[PDB]
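*Asks:* I'd like to ask you about the structure that follows.
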Amino acid sequence: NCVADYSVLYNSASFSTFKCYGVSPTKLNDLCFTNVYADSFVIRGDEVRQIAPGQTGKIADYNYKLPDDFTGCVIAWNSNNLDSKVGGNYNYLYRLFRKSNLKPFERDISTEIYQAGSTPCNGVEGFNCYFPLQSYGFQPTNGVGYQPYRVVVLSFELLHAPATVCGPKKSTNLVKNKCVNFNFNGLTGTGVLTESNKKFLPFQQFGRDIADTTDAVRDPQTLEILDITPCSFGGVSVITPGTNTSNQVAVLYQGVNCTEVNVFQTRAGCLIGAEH
Amino acid sequence: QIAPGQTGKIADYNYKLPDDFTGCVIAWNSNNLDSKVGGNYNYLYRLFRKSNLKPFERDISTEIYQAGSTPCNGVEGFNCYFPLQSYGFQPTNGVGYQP
Amino acid sequence: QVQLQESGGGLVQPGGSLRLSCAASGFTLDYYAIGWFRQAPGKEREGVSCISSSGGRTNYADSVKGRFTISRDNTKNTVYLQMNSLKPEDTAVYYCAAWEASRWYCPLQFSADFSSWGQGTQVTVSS
Amino acid sequence: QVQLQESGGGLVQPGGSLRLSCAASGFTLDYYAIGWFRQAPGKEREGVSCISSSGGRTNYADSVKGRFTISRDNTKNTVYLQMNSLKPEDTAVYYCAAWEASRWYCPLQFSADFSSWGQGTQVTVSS
Amino acid sequence: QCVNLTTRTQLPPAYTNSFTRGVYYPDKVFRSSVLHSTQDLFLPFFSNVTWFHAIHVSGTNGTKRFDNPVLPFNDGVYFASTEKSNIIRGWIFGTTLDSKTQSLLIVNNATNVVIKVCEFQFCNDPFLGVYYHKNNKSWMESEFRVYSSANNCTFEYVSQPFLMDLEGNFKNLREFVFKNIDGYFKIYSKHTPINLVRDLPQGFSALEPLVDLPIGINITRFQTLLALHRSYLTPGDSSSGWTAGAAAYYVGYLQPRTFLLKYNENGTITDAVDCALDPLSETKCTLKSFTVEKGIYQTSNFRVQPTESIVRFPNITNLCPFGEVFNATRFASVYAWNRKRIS
Ligand SMILES: *[C@@H]1O[C@H](CO)[C@@H](O)[C@H](O)[C@H]1NC(C)=O
Ligand SMILES: *[C@@H]1O[C@H](CO)[C@@H](O)[C@H](O)[C@H]1NC(C)=O
Ligand SMILES: *[C@@H]1O[C@H](CO)[C@@H](O)[C@H](O)[C@H]1NC(C)=O
Ligand SMILES: *[C@@H]1O[C@H](CO)[C@@H](O)[C@H](O)[C@H]1NC(C)=O
Ligand SMILES: *[C@@H]1O[C@H](CO)[C@@H](O)[C@H](O)[C@H]1NC(C)=O
Ligand SMILES: *[C@@H]1O[C@H](CO)[C@@H](O)[C@H](O)[C@H]1NC(C)=O
């Protein structure tokens, strides 16, 4: 329930990583989503390569498996002057040992001591047993690979549901009973809208008939619903008496009455140019 | 000293083990099979060589090494030593010296 | 840089108690089984007490059963050996050694090499 | 499978010349803007030179005006950096980075995110 | 603060049958006069649902104690309750149900609802202290004895009451489905009057979505909140509680199922078919139709499933000459190394 201005982020030229998957970073302001999740952290530099789908590594496997079908953007920037301290900043903890890799977006905060060997540890570190989390020497004199980097991941969720976050764009007027290019809540298409007597339950937004195309749709500004009919189409069939006999012609438009298109209306369509 | 990437007289002057090994090192004590009461000196070890060895390189040269500046010409003497020294394998020795 | 260091040696009265500790540096003592070994004057070096790597299995010499207790502090990378009811027969230079199991079977009863050795500490029982 | 690979590094005499190459595999380098970046021992990664995707816009660091020349071959999918009148102040590891303009305006004088990076090459200037 | 009650004594479980109940709207799309098939966490038709009295009289003396055990929450729970005098007040969801883990609380007082997500330090017997006022008796004043302490609150929600005022055989059903998927705690609810049916009535009622909560916590076990109209300090011989707990609540467990759902011309769910109940329902699935004509129809494909995987190898005493090498009588000198190949 808040507008996302991705231009401020994308055009900032301060973030050291702009990795968008499934969505182009320049169209983040043009599409919109039902929800977006933000995860903000500080990670080393040789390791920001591990924050992306389908990768391996201690953070990629033992910290956060990102699924191969990600739709989101990975954003990171330097924090040498904001995170590091002279004496070493050890407030961020990381595990090197786990029993198995974490699930997609799985969070484990368990402080159990891992058994590297045969007999149990019983909550004490030690001989084939280590406390899971180790500290990092974030220092302002460290090399780039070991410097701290602040990472934010933005997973945009795109389902067939109301969109609560939408980018910077201008909503226009509504016109009815005419062939338009329409965009309702991110649903783009072309057709003619008509008032509909259907009733929508308070959770119900869209409507379908037999196929993926949405028959009806709801209005965001006003609590109203209008159905959608495709703009008129038909085959133009041409009648002729033979150019040998004459150059006159007649045209037939299949399956329409003669409103949208010497006029003869037939059950096959409107006939134009031929007398009755 | 028998593992990839290590140093030592056996590691350097006897058999350099490359850092990219795919294999297993297996050993066991032979106090009751290799040692004799009077000392088993049938196993010889070099302590001096001109240079460290290549991986899996085998040298059986018996040339006397030149510790000084004068040449030895295959004869020991001042700053001239034979390559191989014998080992005092005895059943009363310590494990550091046990075979 | 792997080092094994014994500590706690000294001079005690027979019937008294003493505690030894073996600490490791440059490597985690944590993956290896540790056994404590002594060499009496004029005798060979014998295995007094051994304990498995992660500590679920132990072995004691029959001369010392019911008198010494081997325990190994897990978090601190140290192995201890508690001696009670010490006797003049226990006067020896005491070594701590670390190695991996030469065998299947959880027990550490048998003997083989000991990859790392300390310099040892002196335990003297005399009165 | 996107890769950026530097080449041409080595050891040269001050006042001499050296020429670096950056090649791209797994993707077409022509659409990306490429910049050459170096870090000196004890210093931060500074921008040496940059060139536009089409090559119509370039920028260089004031330390290297009149000495370094950047260019690219979009048919051969490479970007080149020629170094002349080379000085001990230039001893550093040189990276090539490819990215897209994150601001309005044609010039590449501003810095921004750099999408892809190489592993770097070493050029040492000492005599 | 909390008040300690007596031991629950582990009453033996009792089961009842669920006649085509627990069907909710799976999507938020209006659909009319079609049959839609969806694979979601549904409640199977004609399933065993465990039922508990709100107040149970089982002792010989006539003791009245709340039957409020903590029940597992695995992939959704269907909660149906038949009742007439508003004694159930809410539910609690969590893993450990103490300060160690975050917990979610829903309560319903006479005015609104309170949904709170904090680290609640929960007592053994959460309940709401209940007393009428001396002159009006129109509304009901609840004293919360639910949790001991509240810390680390990350969510707050208030809206119209989930349970309608029930203030003499006008029992009513309040059916709920709770799901916790992708960190989202969804509620589908429906209210239906009943007449002279003790157990779950025979029929269909679609459960419309009620509200959707971005709680994002871990839920494993749940408990029912109950209203203590009597006094814990002085328990009466009888009638202090409500008619020996005539009201009761039914708990159903969800599993992933494929359902054929029939929307009518108004967009309402009018009938359902669970696919794996009986072969006739399977045929209805495969034909995508409620009515099946006389004849033979190939619905599924039977296939025997393999069991223990086997990996075998030959048997030969002759093998690598390891023993001849390891148990060798003599070993070469250490500076002229004997290299043997085994192939
Ligand atoms: C038209 O058809 C007639 C025969 O029906 C033929 O005589 C005449 O040449 C034709 N004219 C043309 C232009 O094809
Ligand atoms: C076309 O529209 C007119 C509008 O009045 C209607 O009367 C007529 O019946 C329509 N034609 C057909 C074929 O339905
Ligand atoms: C339901 O419970 C009854 C016992 O009352 C049992 O006989 C029956 O098999 C159960 N049904 C299922 C599907 O488990
Ligand atoms: C929830 O807690 C249980 C332990 O009660 C654990 O096994 C499970 O993995 C947890 N689930 C999540 C999503 O954290
Ligand atoms: C429901 O459908 C019936 C016809 O089956 C119709 O008479 C009635 O008006 C509809 N109700 C609503 C609310 O649309
Ligand atoms: C090996 O397999 C053969 C199969 O006939 C069997 O007779 C023999 O006893 C087996 N020997 C061993 C040592 O397993």
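Residue numbering for chain E follows Swiss-Prot, covering 14-180, 184-359 in order.
Looking at the header, which is where the method is noted, we find electron microscopy, 3.4 Å.
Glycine is treated like the rest: Cβ placed from N, Cα and C.
Pulled these features from Swiss-Prot for this protein:
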- E:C15-E:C136: disulfide bond (DISULFID)
- E:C131-E:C166: disulfide bond (DISULFID)
- E:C291-E:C301: disulfide bond (DISULFID)
- E:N17: N-linked glycosylation site (CARBOHYD)
- E:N61: N-linked glycosylation site (CARBOHYD)
- E:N74: N-linked glycosylation site (CARBOHYD)
- E:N122: N-linked glycosylation site (CARBOHYD)
- E:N149: N-linked glycosylation site (CARBOHYD)
- E:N165: N-linked glycosylation site (CARBOHYD)
- E:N234: N-linked glycosylation site (CARBOHYD)
- E:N282: N-linked glycosylation site (CARBOHYD)
- E:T323: O-linked glycosylation site (CARBOHYD)
- E:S325: O-linked glycosylation site (CARBOHYD)
- E:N331: N-linked glycosylation site (CARBOHYD)
- E:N343: N-linked glycosylation site (CARBOHYD)
- E:67-80: region 'Disordered' (REGION)
- E:142-164: region 'Disordered' (REGION)
- E:246-262: region 'Disordered' (REGION)
- E:280-301: region 'Putative superantigen' (REGION)
- E:319-335: region 'Disordered' (REGION)
*Asks:* Taking only the glycosylation sites E:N61, E:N74, E:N234, which one has a CA atom nearest to the CA atom of E:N122 (N-linked glycosylation site)?
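*Replies:* If we rank E:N61, E:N74, E:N234 by Cα distance to E:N122 (N-linked glycosylation site), first place goes to E:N234.
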*Asks:* May I ask for the residues of the chain that lie six or more residues beyond the region 'Disordered' (E:246-262) and have a Cβ under 8 Å from a Cβ within it?
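*Replies:* Residues packing against the region 'Disordered' (E:246-262) from afar: 16, 18, 66-70, 75-77, 80, 97-98, 100.
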*Asks:* Return only the integer: C-alpha distance in Å from E:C131 (disulfide bond) to E:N165 (N-linked glycosylation site).
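*Replies:* The Cα atom of E:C131 (disulfide bond) is 5 Å away from the Cα atom of E:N165 (N-linked glycosylation site).
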*Asks:* Of E:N61, E:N122, E:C136, E:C166, E:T323, which recorded positions come close to ligand 3, meaning Cβ under 6 Å from one of its atoms?
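*Replies:* So the answer is E:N61.
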*Asks:* Mind telling me which of the glycosylation sites E:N61, E:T323 has the densest Cβ neighbourhood, counting other Cβ atoms within 10 Å?
*Replies:* E:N61
*Asks:* List which of the recorded positions E:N61, E:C131, E:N149, E:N282, E:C301 have a Cβ under 8 Å from any Cβ of chain A, in sequence order, or say none.
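*Replies:* In terms of proximity to chain A, the recorded positions that count are E:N282, given in sequence order.
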*Asks:* Which of the three DSSP states, helix, strand or coil, fits E:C131 (disulfide bond)?
*Replies:* strand
*Asks:* So, three-state DSSP: helix, strand or coil for E:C166 (disulfide bond)?
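*Replies:* Looking at the DSSP assignment, E:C166 (disulfide bond) belongs to neither helix nor strand, so coil.
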*Asks:* What does the DSSP secondary structure composition of the region 'Disordered' (E:319-335) look like, as residue counts for helix, strand and coil?
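*Replies:* Taking each residue of the region 'Disordered' (E:319-335) in turn, the totals are 0 helix, 0 strand, 17 coil.
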*Asks:* For E:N165 (N-linked glycosylation site), which of the glycosylation sites E:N17, E:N61, E:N74, E:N282, E:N343 has the nearest Cα in space?
*Replies:* E:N17
*Asks:* Mind running the glycosylation sites E:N61, E:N234, E:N282 against ligand 4 and keeping the ones whose CB falls under 6 Å of it?
*Replies:* E:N234
*Asks:* Could you tell me which of these disulfide-bonded residues, E:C15, E:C136, E:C166, E:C291, has the fewest other Cβ atoms within 10 Å of its Cβ?
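*Replies:* Result for the disulfide-bonded residues E:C15, E:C136, E:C166, E:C291: minimum number of other Cβ atoms within 10 Å at E:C166.
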*Asks:* Among all protein chains shown, how many Cβ atoms are found within 10 Å of the Cβ of E:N17 (N-linked glycosylation site), not counting that one?
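*Replies:* Excluding its own Cβ, E:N17 (N-linked glycosylation site) sees 8 Cβ atoms within 10 Å.
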*Asks:* Which recorded positions of E:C131, E:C166, E:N234, E:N331 contact ligand 6 in the sense of C-beta under 6 Å?
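*Replies:* Near the molecule: E:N331.
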*Asks:* Per DSSP, what is the helix/strand/coil residue tally across the region 'Disordered' (E:67-80)?
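*Replies:* Final tally across the stretch: 0 helix, 6 strand, 8 coil.
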*Asks:* Just to be sure I understand the contacts, which recorded positions have a Cβ under 6 angstroms from any atom of ligand 5? Candidates are E:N122, E:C131, E:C166, E:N282, E:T323, E:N343.
*Replies:* E:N282
